[PDB]
A.B. asks: 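This structure is in structure tokens; I'll ask about it shortly.
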Amino acid sequence: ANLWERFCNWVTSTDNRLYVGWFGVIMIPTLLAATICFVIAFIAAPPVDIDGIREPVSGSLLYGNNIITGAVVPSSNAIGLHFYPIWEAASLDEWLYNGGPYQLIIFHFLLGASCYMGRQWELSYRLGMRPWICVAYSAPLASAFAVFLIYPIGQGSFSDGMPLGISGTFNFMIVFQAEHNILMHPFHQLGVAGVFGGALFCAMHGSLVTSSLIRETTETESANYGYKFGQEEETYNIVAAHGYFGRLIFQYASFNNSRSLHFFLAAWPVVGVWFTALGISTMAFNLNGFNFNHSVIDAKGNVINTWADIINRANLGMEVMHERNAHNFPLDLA
Amino acid sequence: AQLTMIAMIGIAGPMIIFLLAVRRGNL
Amino acid sequence: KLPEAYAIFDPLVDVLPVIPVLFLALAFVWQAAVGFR
Amino acid sequence: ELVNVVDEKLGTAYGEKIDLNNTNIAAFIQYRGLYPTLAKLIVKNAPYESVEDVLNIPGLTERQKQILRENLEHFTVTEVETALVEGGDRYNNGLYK
Amino acid sequence: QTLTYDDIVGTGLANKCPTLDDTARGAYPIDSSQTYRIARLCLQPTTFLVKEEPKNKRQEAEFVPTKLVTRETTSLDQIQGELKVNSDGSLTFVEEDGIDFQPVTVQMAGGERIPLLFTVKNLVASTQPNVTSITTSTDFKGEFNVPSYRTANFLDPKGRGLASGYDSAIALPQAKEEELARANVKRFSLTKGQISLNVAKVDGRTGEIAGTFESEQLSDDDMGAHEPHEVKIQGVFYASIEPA
Amino acid sequence: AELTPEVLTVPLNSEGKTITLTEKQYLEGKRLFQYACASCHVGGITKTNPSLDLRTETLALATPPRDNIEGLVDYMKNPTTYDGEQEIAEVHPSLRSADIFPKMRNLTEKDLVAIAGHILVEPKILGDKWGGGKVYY
Amino acid sequence: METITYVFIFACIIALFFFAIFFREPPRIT
Amino acid sequence: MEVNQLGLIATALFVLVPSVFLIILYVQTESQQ
Amino acid sequence: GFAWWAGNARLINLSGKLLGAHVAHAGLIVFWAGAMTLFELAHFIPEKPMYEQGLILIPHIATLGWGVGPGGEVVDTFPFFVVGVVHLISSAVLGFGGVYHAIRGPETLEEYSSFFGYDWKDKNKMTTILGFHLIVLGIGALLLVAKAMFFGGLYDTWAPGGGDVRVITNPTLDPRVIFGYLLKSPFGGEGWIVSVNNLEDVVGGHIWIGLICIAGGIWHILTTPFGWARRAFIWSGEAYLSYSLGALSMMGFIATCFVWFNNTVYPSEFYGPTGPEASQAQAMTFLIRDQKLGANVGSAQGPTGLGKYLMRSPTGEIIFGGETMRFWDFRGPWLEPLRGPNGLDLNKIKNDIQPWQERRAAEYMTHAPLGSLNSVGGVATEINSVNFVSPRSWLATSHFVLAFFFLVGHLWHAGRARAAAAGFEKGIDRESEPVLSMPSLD
Ligand code: CLA
Ligand code: CLA
Ligand code: CLA
Ligand code: CLA
Ligand code: HEC
Ligand SMILES: CC1=C(/C=C/C(C)=C/C=C/C(C)=C/C=C/C=C(C)/C=C/C=C(C)/C=C/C2=C(C)CCCC2(C)C)C(C)(C)CCC1
Ligand SMILES: CC1=C(/C=C/C(C)=C/C=C/C(C)=C/C=C/C=C(C)/C=C/C=C(C)/C=C/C2=C(C)CCCC2(C)C)C(C)(C)CCC1
Ligand SMILES: CC1=C(/C=C/C(C)=C/C=C/C(C)=C/C=C/C=C(C)/C=C/C=C(C)/C=C/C2=C(C)CCCC2(C)C)C(C)(C)CCC1
Ligand code: OEY
Ligand SMILES: [Cl-]
Ligand SMILES: [Cl-]
């Protein structure tokens, strides 16, 4: 009943509407800092010289953007990977021109989101649950690190991290395809399999459970009222669902164990997104997608184009156009 | 050949399991 | 290249680094033999 | 009265010959014997009032003078165009392959 | 002591010109026979002033102060050139080469960014007649060239340029071009600036001089898209004289 | 289409004598060009000086002309600038500079002929692609 | 006017988050 | 910026009309209970 | 009751069989180190830089000073053979002892001997095993110092005359320098411990670390955890594994950045240039070419208004222009002779570039660490022709992936150790569900 122990007990209390926890003690200020700076910058920040060539890119709503085109623009290439906090600028005017808000937002956000993951562990422990929901969230979290930190580290500059904007996101992924060919990289192909298969199995599971709801209601009422929060009995018939799905395909391609089924639901998209985050994190060090450019030639030696060469023509167009005033030398080596 | 040795080597392992499963061994 | 007196073993050596992968595969032959117990 | 001065220049001899006052140095590879040594000399010593002025460059050997003579018909001179000679663009105009 | 790179790096000192001790009030005598060069001229701006636009009847606006937003990237250095003695005793510096331009953008009150090419390109600056000694009352005055801030390959955000790029607003295929002509046709400006260099310190032993400068030039006109501003720059300089 | 002796026939010297490579020489040439040259000359360009390519037309206007086996074998022994005025063995791989360019050490006289032969043959097969750069990929 | 509209909708969403969390219908066991 | 002037009323009714619909149905649900 | 797919968890409380698993697995590591080196030597061609041949082990050996001479030139491949053979032979001994302890040996050790047996919950015994291994690690660090100071030295990319093997006679002992590294920002221009750029500091830091580990090893043999440490940790075998998984993850992320940025203990002669290095070298290459043509590179204004070849960093230093403005913190032996106190010195650039510097820049520009999964060198749009992926990309990517998964495994095993310790890792007790005894939130 000392001041510290009381404080510890409030921080870890399971009676708080929103759990705080020790990870929350870091998460809350860092997320509030990131959020408040993000909203203000998105609305009112002036143009930012993202590529360090004194060519400022306007990202905020008051400087002529809408919701789709607006962004918080990445920090200047002149800064590269240097730490650029506010107190390192001669003035806020300078900090804004060179892209300081980006660095403030992404570092606070990554910290806050890492703590979000730990906080998912922590509350699970306080409630006597199994611990691994936080491992599912490591897949999205890893993906955010990849585009905001790891890729900028490998390329040498936060100016090549993903913009905090909708069209800026697209710019990022187009230029990534020209410089890396993410599409011909197997870790991206597994990320697609992870999210497509994730959407598929979401629909499957939802439709099979919804297909086998036990009749508990009249046709004049939502069938959802046939389930009461906390009832002990299951609300659908898994044997009927299995009897339907195993005939749709064949018997042994259908689950009859709900625990294996839900583990599979968890595992497939998490693992696919781990791979795609590792794709970005390894193309950060320029180990790029397969290059089959001019791989097929004829008896004489003429090049016989494949669809890979057609991809290469599109990549070339993205390459020669991007950051059109920023290259003085023939190779875009970073 | 290279494919000669990776065969002598590749067979070492499954050979051990066979000899032990036949001699009803501590698998 | 290797010293000449071991020249005889070039193709063996092209194969040796793969051998620790075989131990992982051997674990599954063993488990198949006992029926994944 | 708003004209693109580079496009205008393409309508002069600059658009058909090597312009000793304006053309980027990589064009001197089109004729034998000219690159890099004579090309370096020609660009450093521009501008020229006439194509023949190139033969008065201090330092030319007789072999160099003879090479220039063989190629005088591939040359021209027009007025210096700032847009083409600033930025060191006669040495590197940002075009590679 | 002479510092190394690893002493300097990251400090801001790389953007500052050398100074002379306040003890350095000598004079450097000139032999009208001998020839001389400036082996290093360094110019460090400290203040960027922009002329405002008074809008009403001929009021003639003032030079107002501005904030630098492009950091310690401003100084001209390693400039060299002939220092000639003219028949009438005047000295003339003719700039030959050096790091003689820096792009700068300063911000006016209200948030207008003003880019400019701070330069002394092609500087020719000359003293009074009858020098015979460089002293702490010697002034050089001169003029230099201000090429366009962007050079000819520069592509605007819609891809238009002078030596490269689209010649039209391709995103408005059937718009009337007349109104767009100023944005569509890029032009390469070449204007002149004026500088005065005031010598306030002289090391008679070593040929080093230092003092103050003020130059006036035009800002960027975005390849003719808009009218430039007048800019006045003040700072300190350092120069090292050598007999050639 | 196929790799015929017509395509495999190339100038030996400036006199106008010609030599007919075998298919073997050509592929040897290609392999050795990859080993020793393509890091800078992939596709017949020159990455560290794009103004100078390996097109036959460019080699022909070089001093000593280099559009033939002899000129190219010489170049690999004693490289000059494009106007012949300066020797560049110190910055360009050659047998003369095999001490600083160690991949040139184990090249025999017949390897040089094969490399030169590849360089004169490839534009007959690939056209503008050879030396044209990314525009033609 | 477009800026005002974008920011108004965004602020209405934040306000909705607040009611959805603190003024939700309480889950009640059976 | 030269935006479509009618975008504003378009956006306003797009928000207002379905939102009002839901609120009407919600409030009359509460006053049954 | 673990399933077959979690079957090594059956070993948690079988100290004997668990020892065989560890020792057998250690044989696998030593085996690959030996087999791989021999594979690399069999394929090695000395006329070709190592980084054109896909080599990752031979460069580690050469960095310690075996087999190489001035400039990185390989002079003797016998040291490479020795290192591979001895590792390979030793894996047989470790393999022998591991299958013996895994299969035939005492299943549990705690009956056969009280010295070798251990309970995970015995905090005194655990810290004594830790202390032994600390001492062993400290010895290993001092072996690096012994090589450097007393058995031939190490390869020094920075040595005058192009790099060479060099005995280290004055290692840095000044702790303001040694521990100063540990306090530098990880951000650009600073680089935390990745910036160590000279062998004196490398060897001195290994003196310190060897002493620190031996000191700490003796500490942990002689002590028991104090009560604040007893109440802060979970004391179980899975918990200890989880702690080590986190440490391995952290270490792999560091190694990733080490091999990507550092060209001192990963010399570029052996590993190829770094990304920043290759980018800097391209600007150098075209500066050289253009200046030879007559260009005045200092006064050449590029399209943006910034210098085409040279510009200033944000703190004033004269640096290379173009996109490589991001890479101006790069430092390498071929470039530093051009650096004066304000950055690149225009007078040195105009007069003092040497052919060897031209060569090196051209080599490094054309061996930038970019390439495809199937080992086509260059940017993603390049055609087939050059079979090259930099050893730095292979080492960086592999160790990022590995480090990521070990962080996942830390989370997996840490959460599980916490839950098994509190007793709810198998699920919620239906009759005593904690939430059902908590008041509701609203
Ligand atoms: C020092 C490292 C280390 C150690 C000693 C352990 C030890 C253990 N772990 Mg942990 N684990 C680790 C790292 C480690 N883990 C990492 C890095 C992760 C994240 C990926 C995990 C994730 C993890 C999970 C999710 C689980 C464990 C579990 C276990 C226990 C049983 C494992 C078993 O029998 O595997 C059996 C081995 C297999 C089934 C084979 C796995 C096949 C892998 C995935 C394929 C790799 C192939 C490779 C990439 C190359 C392909 C090429 C091709 C030619 C083959 C055991 C205590 C289990 C547990 O909690 O027990 C308490 C468990 O459920 N681990
Ligand atoms: C580095 C990899 C590694 C290592 C070292 C081990 C080691 C071990 N495992 Mg684990 N395990 C692994 C991978 C590994 N496992 C993987 C990938 C899986 C997933 C399939 C499992 C699944 C698994 C299960 C399901 C179980 C174990 C068990 C065990 C232990 C007893 C096994 C036994 O009696 O087999 C007996 C096997 C044989 C008699 C067949 C022959 C095996 C020999 C050793 C092959 C050696 C070959 C080599 C060429 C010989 C060189 C000799 C030379 C040096 C002289 C043993 C310590 C068991 C355990 O915990 O026991 C309580 C157990 O139940 N493991
Ligand atoms: C960390 C590894 C490790 C550990 C902890 C153990 C532990 C043990 N072993 Mg195992 N063993 C190991 C590795 C290990 N062994 C290896 C690598 C082999 C294969 C050669 C064996 C083969 C083996 C056999 C055949 C037997 C044991 C037995 C035993 C037990 C008693 C040993 C004893 O009294 O000797 C105490 C100390 C000595 C005998 C002094 C030996 C001095 C050593 C060799 C010097 C080591 C030098 C250096 C530190 C490391 C190598 C250098 C290298 C890295 C270059 C004990 C539980 C016995 C047992 O369990 O029977 C029931 C038994 O019969 N071991
Ligand atoms: C493998 C290495 C290792 C491991 C696993 C342990 C494990 C342990 N040690 Mg030993 N220790 C070691 C090496 C090791 N030690 C060495 C080499 C020394 C000699 C210097 C010591 C000296 C030592 C002392 C003096 C004490 C321990 C204690 C302990 C226990 C508590 C550790 C703890 O709470 O840390 C958690 C760490 C903290 C709470 C403080 C964090 C401070 C660091 C610097 C923060 C930095 C984190 C940052 C993200 C990374 C950047 C690094 C930074 C310096 C730049 C635990 C059993 C304690 C104990 O019970 O002894 C009986 C104790 O009092 N250890
Ligand atoms: C970069 C390290 C190169 C390597 C490897 C090879 N070449 Fe090269 N080459 C390079 C440059 C920078 C230049 C221009 C030299 C100059 O300043 O004039 C060249 C030029 C050639 C030429 C002349 C082409 C022309 O049009 O006249 C030839 C024929 C040539 N190089 C051939 C060649 C061969 C056969 C190589 C492998 C043995 C080779 N080069 C490697 C740069 C580089
Ligand atoms: C170095 C050396 C050596 C050594 C060697 C060794 C050590 C070996 C080992 C080996 C081994 C170690 C082997 C193994 C192998 C194995 C294998 C070959 C496997 C296979 C597998 C498979 C094929 C699988 C399948 C399956 C199953 C079974 C179940 C499920 C499904 C699946 C499909 C997965 C010697 C002596 C020669 C001498 C010289 C040198
Ligand atoms: C337990 C177990 C396991 C594991 C195992 C292990 C992991 C082991 C290992 C082992 C090992 C680790 C082994 C090793 C071996 C080795 C050896 C046996 C070698 C030999 C060598 C030699 C003989 C050599 C030769 C030579 C020389 C000397 C020179 C050069 C050439 C040559 C190479 C030829 C498993 C999973 C399966 C299953 C379960 C149980
Ligand atoms: C060798 C060398 C060097 C040096 C080095 C050094 C000297 C190092 C050090 C190192 C160190 C000295 C480290 C440390 C670390 C630490 C850490 C990493 C920590 C950790 C911690 C933790 C993780 C904690 C946790 C926790 C908390 C927070 C709370 C409660 C619970 C617990 C306890 C869990 C140099 C660079 C010069 C150079 C090169 C070489
Ligand atoms: O791709 Mn292309 O590469 Ca990575 O840098 Mn060079 O150019 Mn620029 O700044 Mn963003 O982007
Ligand atoms: Cl872009
Ligand atoms: Cl560039």
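Note: hydrogens, waters and symmetry copies are ignored here, and every other heavy atom, side chains too, is used. Just so it is clear: chains get the letters A, B, ... in the order the sequence lines come, proteins before strands, and each one is counted from 1.
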A.B. asks: Considering only heavy atoms and a distance below 4.5 Å, find which of I/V389, I/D442, I/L370 pairs most often with chain A.
C.D. replies: I/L370
A.B. asks: Against chain I, label A/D332 side chain, backbone, both or neither, depending on which of its atoms sit under 4.5 Å from a heavy atom there.
C.D. replies: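 Contact with chain I: backbone and side chain both.
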A.B. asks: To the closest 0.5 Å, what do you measure between CZ (I/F320) and CG (A/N328)?
C.D. replies: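 Going from the CZ atom of I/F320 to the CG atom of A/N328 covers 13.0 Å.
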A.B. asks: Could you state the interatomic distance from CZ (I/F424) to CG (A/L127), rounded to the nearest 0.5 Å?
C.D. replies: 9.0 Å
A.B. asks: Say you draw a straight line from NE2 of I/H399 to OG1 of A/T282; how long is it, rounded to the nearest 0.5 Å?
C.D. replies: 14.0 Å
A.B. asks: Is chain A contacted by the side chain of I/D429, its backbone, both, or neither, given a heavy-atom distance below 4.5 Å?
C.D. replies: neither
A.B. asks: If you count heavy-atom pairs within less than 4.5 Å of chain I, which of A/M184, A/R130, A/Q177, A/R126 leads?
C.D. replies: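 The candidate making the most pairs under 4.5 Å is A/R130.
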A.B. asks: Output the option from I/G371, I/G189, I/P434 having the highest count of non-hydrogen pairs under 4.5 Å with chain A.
C.D. replies: I/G371
A.B. asks: Under 4.5 Å heavy-atom distance to chain A, tell me which part of I/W412 shows up: side chain, backbone, both or neither.
C.D. replies: both
A.B. asks: Could you have a look at A/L81, A/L316, A/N288 and say which one has the most heavy-atom pairs with chain I under 4.5 angstrom?
C.D. replies: A/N288
A.B. asks: How close do I/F404 and A/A142 get, counting heavy atoms only, and between which atoms?
C.D. replies: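 What the structure gives for the nearest pair is CE1-CB, 3.5 Å.
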A.B. asks: For chain A, which of I/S440, I/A396, I/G415, I/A380 has the most heavy-atom pairs under 4.5 Å?
C.D. replies: I/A380
A.B. asks: Just so I know, are the side chains of A/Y137 and I/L411 near enough to count as touching, which here means a heavy-atom distance under 4.5 Å?
C.D. replies: no
A.B. asks: Quick one: closest heavy-atom pair of A/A78 and I/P314, and the distance?
C.D. replies: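 Result for this residue pair: O-CG, 3.4 Å.
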A.B. asks: Would you mind telling me which of A/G118, A/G289, A/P330 has the largest number of heavy-atom pairs within less than 4.5 Å of chain I?
C.D. replies: A/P330
A.B. asks: State, to 0.1 Å, how close A/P131 and I/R416 come at their nearest heavy-atom pair, and which atoms those are.
C.D. replies: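 Looking at all heavy atoms of both residues, the shortest contact is CG-N, 3.8 Å.
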A.B. asks: Which label fits I/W328 and A/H82: parallel for a plane angle under 30°, tilted from 30 to 60°, or perpendicular past 60°?
C.D. replies: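 I/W328 and A/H82: parallel rings.
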A.B. asks: Which region of I/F253, side chain (C-beta onward) or backbone (N, CA, C, O), has a non-hydrogen atom less than 4.5 Å from a non-hydrogen atom of chain A, or is it both or neither?
C.D. replies: neither
A.B. asks: Look at atom CZ of A/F263 and say whether more than 12 heavy atoms of other residues, nucleotides or ligands are closer to it than 6.0 Å.
C.D. replies: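 Not more than 12 within 6.0 Å, no.
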A.B. asks: Which heavy atom of A/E323 sits nearest a heavy atom of I/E323, and at what distance?
C.D. replies: OE1-OE2, 2.5 Å
A.B. asks: What part of I/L306 is in contact with chain A, defined as an atom under 4.5 angstrom from a non-hydrogen atom: side chain, backbone, both or neither?
C.D. replies: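 It is the side chain, since no backbone atom gets that close.
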A.B. asks: Rounded to the nearest 0.5 Å, how far does CE of A/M283 lie from OG of I/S393?
C.D. replies: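 Taking OG in I/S393 and CE in A/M283, the distance rounds to 12.5 Å.
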A.B. asks: Distance from A/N16 atom CG to I/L441 atom CG, nearest 0.5 Å?
C.D. replies: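 That separation rounds to 9.0 Å.
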A.B. asks: Does any heavy atom of chain I fall under 4.5 Å from the side chain of A/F292, the backbone, both, or neither of them?
C.D. replies: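 A/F292 touches chain I through backbone and side-chain heavy atoms alike.
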A.B. asks: Heavy-atom distances under 4.5 Å only: say whether A/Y84 touches chain I with side chain, backbone, both or neither.
C.D. replies: neither
A.B. asks: I'd like to know whether CD1 of A/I133 has more than 12 heavy-atom contacts from other residues, nucleotides or ligands below 6.0 angstrom.
C.D. replies: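 No, CD1 of A/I133 has 12 or fewer neighbouring heavy atoms, counting only those of other groups under 6.0 Å.
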A.B. asks: Which answer fits A/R54, side chain, backbone, both or neither, if we ask what part of it has an atom under 4.5 Å from a heavy atom of chain I?
C.D. replies: side chain
A.B. asks: Could you check whether any side-chain heavy atom of I/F286 comes within less than 4.5 Å of a side-chain heavy atom of A/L331, counting everything from C-beta outward?
C.D. replies: no
A.B. asks: Give the member of A/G154, A/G128, A/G80 that has the highest number of heavy-atom pairs under 4.5 Å with chain I.
C.D. replies: A/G128
A.B. asks: Looking only at heavy atoms, what is the nearest atom pair of A/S138 and I/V408, with distance?
C.D. replies: OG-CG2, 4.3 Å
A.B. asks: Does any backbone or side-chain atom of A/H180 lie under 4.5 Å from a heavy atom of chain I? Answer side chain, backbone, both or neither.
C.D. replies: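 Looking at A/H180, just its backbone touches chain I.
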A.B. asks: Report, as yes or no, whether the 6.0 Å neighbourhood of atom OH on A/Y116 holds more than 12 heavy atoms from other residues, nucleotides or ligands.
C.D. replies: no
A.B. asks: Checking heavy atoms, do the side chain of I/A283, its backbone, both or neither come under 4.5 Å from chain A?
C.D. replies: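 For I/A283, backbone and side chain are both near chain A.
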A.B. asks: Which residue out of I/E425, I/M365, I/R418 racks up the most heavy-atom pairs below 4.5 Å with chain A?
C.D. replies: I/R418
A.B. asks: Looking at A/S124, A/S295, A/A178, A/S159, which has the largest count of heavy-atom pairs under 4.5 Å with chain I?
C.D. replies: A/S295
A.B. asks: Please check if atom CZ in A/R259 has more than 12 non-hydrogen atoms from other residues, nucleotides or ligands closer than 6.0 Å.
C.D. replies: no
A.B. asks: Go through the atoms of I/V401 and report whether side chain, backbone, both or neither lie under 4.5 Å from a heavy atom of chain A.
C.D. replies: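 Both parts, backbone and side chain.
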A.B. asks: Test side-chain contact (heavy atoms from CB on, under 4.5 Å) on I/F327 and A/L333 and set out the steps.
C.D. replies: CA-CA 11 Å; I/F327 287 135; A/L333 299 175; over 6 Å; no
A.B. asks: Could you check whether A/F107 and I/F187 have their ring centres less than 6.0 Å apart?
C.D. replies: yes
A.B. asks: Taking every heavy-atom pair that is under 4.5 Å apart, which of I/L436, I/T381, I/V379 has the most such pairs with chain A?
C.D. replies: I/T381
A.B. asks: Please look at A/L278 and chain I and tell me whether the side chain, the backbone, both or neither of the residue comes under 4.5 angstrom of a heavy atom of that chain.
C.D. replies: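 For A/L278, the contact with chain I is made by the side chain alone.
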A.B. asks: Determine whether a donor-acceptor pair (N or O, by modelled atom type, separation under 3.5 Å) exists between the side chain of A/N293 and the backbone of I/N384.
C.D. replies: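 Not confirmed, A/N293 side chain does not pair with I/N384 backbone.
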A.B. asks: Please round to the nearest 0.5 Å and tell me the distance separating atom CZ of A/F329 and atom CZ of I/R289.
C.D. replies: 9.5 Å
A.B. asks: A/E179 versus chain I, heavy atoms under 4.5 Å apart: side chain, backbone, both or neither?
C.D. replies: backbone
A.B. asks: Please confirm whether the backbone N or O of A/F290 pairs with a side-chain atom of I/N374, one donor and one acceptor, at under 3.5 Å?
C.D. replies: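 Checking the backbone N and O of A/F290 against the side chain of I/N374, no donor-acceptor pair under 3.5 Å is found.
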A.B. asks: Where on I/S398 is there a heavy atom nearer than 4.5 Å to chain A: the side chain, the backbone, both, or neither?
C.D. replies: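 When you check distances to chain A, no heavy atom of I/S398 falls under 4.5 Å.
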A.B. asks: Using heavy-atom distances under 4.5 Å, tell me whether I/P276 contacts chain A through its side chain, its backbone, both, or neither.
C.D. replies: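 Answer is neither: I/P276 stays 4.5 Å or more from chain A.
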A.B. asks: With only heavy atoms counted, which part of A/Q155 is less than 4.5 Å from chain I, the side chain, the backbone, both or neither?
C.D. replies: both
A.B. asks: Provide the closest heavy-atom pair for I/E382 versus A/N291 in the form atom of the first, atom of the second, distance.
C.D. replies: O-ND2, 2.8 Å
A.B. asks: Contact part of A/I311 toward chain I, heavy-atom cut-off under 4.5 Å: side chain, backbone, both or neither?
C.D. replies: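 It is neither, since no heavy atom gets under 4.5 Å.
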A.B. asks: Under 6.0 Å from the CE atom of A/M173, do we count more than 12 heavy atoms belonging to anything else shown?
C.D. replies: no
A.B. asks: With chain I as the partner, which of A/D309, A/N181, A/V303, A/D15 has the greatest number of non-hydrogen pairs under 4.5 Å?
C.D. replies: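 Result: the option with the highest number of such pairs is A/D15.
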